[PDB]
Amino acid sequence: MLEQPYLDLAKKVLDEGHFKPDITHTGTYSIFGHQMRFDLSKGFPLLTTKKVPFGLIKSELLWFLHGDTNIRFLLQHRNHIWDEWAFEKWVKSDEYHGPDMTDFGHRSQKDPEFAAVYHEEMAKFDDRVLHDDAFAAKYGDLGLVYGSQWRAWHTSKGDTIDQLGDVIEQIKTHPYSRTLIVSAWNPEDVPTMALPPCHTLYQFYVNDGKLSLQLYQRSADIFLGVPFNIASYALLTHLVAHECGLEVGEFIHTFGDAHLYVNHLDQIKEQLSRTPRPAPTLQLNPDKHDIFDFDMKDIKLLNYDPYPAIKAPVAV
């Protein structure tokens, strides 16, 4: 089965990952240096042993594609993946007139009462971003995110580089180029960033008219993050291949530090007892080919019949 590589990764970490403590000491078992590969000709690698909200990866990807870095687009599609990073700034500012909200993501978990005040301040925030263009342009704009790194890489000459756009062009004119790389790691920004890019860089490759992609991920949460990550870049490979008129190749996922948070031990073990089902099939709108102008309705997934969703504590 297609998802086997991910299940194998889980096993290896379980019985070979060594205990390493991270910033918050949730605790992790980890390995360093790993590579899985998925053949997109067999099916889309969306985990079947656990339901994964594809809508969330579809809108988040489009968000990056448009070179957007403003939360508003996400909220318009009910995608609250990036909220806390934006909300963080709204709290740590001059106009914020409310409860402390300091260490919210942590205090909430350790307090069923704070989880409510925080839940509301967040709700109000999301609303203001959704209707106050000025508030949106100020607290909704994340600035340095994948959308701007991929498509608005700032140069020392005050200009902007559309890395993705250019590479898709180089794919069409120079298919056998060994320099078809998009990077999200900028040394001058990384040391100030709240969250330096996890998905450091990716390289495209063409052969026999098939397009493959390799992704180097410097850090990965195996239980929570990876299932989203696999689908995201498997989707990109399909889209970029749609625009370039190529047939799908392989998705190679390379890992630096792949870890399993000690608090997700039983959820993963449970998932492992599950037997994979046949993979779903993706279907991209044939009439539209400018992937930059793609919409939610343009990407269609089929025959995805997963197991129940597993609930786990987002380590922090």
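Start at 1 and count along the sequence shown; that's the residue number.
Visitor: Would you tell me which stretch averages the higher CA B-factor in the PDB entry, 158-166 or 109-117?
Guide: According to the entry, 109-117 carries the higher average C-alpha B-factor.
Visitor: Give the stretch, out of 74-82 and 217-225, with the larger mean C-alpha temperature factor in the deposited entry.
Guide: Result of the comparison: 74-82.
Visitor: Compare the CA B factors listed in the entry for 102, 237, 173, 148 and report the winner.
Guide: Of the candidates given, the C-alpha B-factor peaks at 102.
Visitor: Sort 232, 93, 186, 177 by C-alpha B-factor from the entry and give me just the highest.
Guide: Highest C-alpha B-factor among the listed residues goes to 93.
Visitor: Among the chain's modelled residues, which third holds the C-alpha B-factor of residue 260?
Guide: For residue 260, whose C-alpha B-factor we compare with every modelled residue in the chain, the answer is the middle third.
Visitor: Would the CA B-factor of residue 34 place it in the lowest, middle or highest third of its chain?
Guide: For residue 34, whose C-alpha B-factor we compare with every modelled residue in the chain, the answer is the lowest third.
Visitor: What third of its chain's C-alpha B-factors does residue 250 belong to: lowest, middle or highest?
Guide: Bottom third by C-alpha B-factor.
Visitor: Which third, lowest, middle or highest, does the CA B-factor of residue 60 fall in along this chain?
Guide: Bottom third by C-alpha B-factor.
Visitor: Check where residue 98 lands among this chain's C-alpha B-factors and tell me if it's the lowest, middle or highest third.
Guide: For residue 98, the deposited C-alpha B-factor lands in the highest third.
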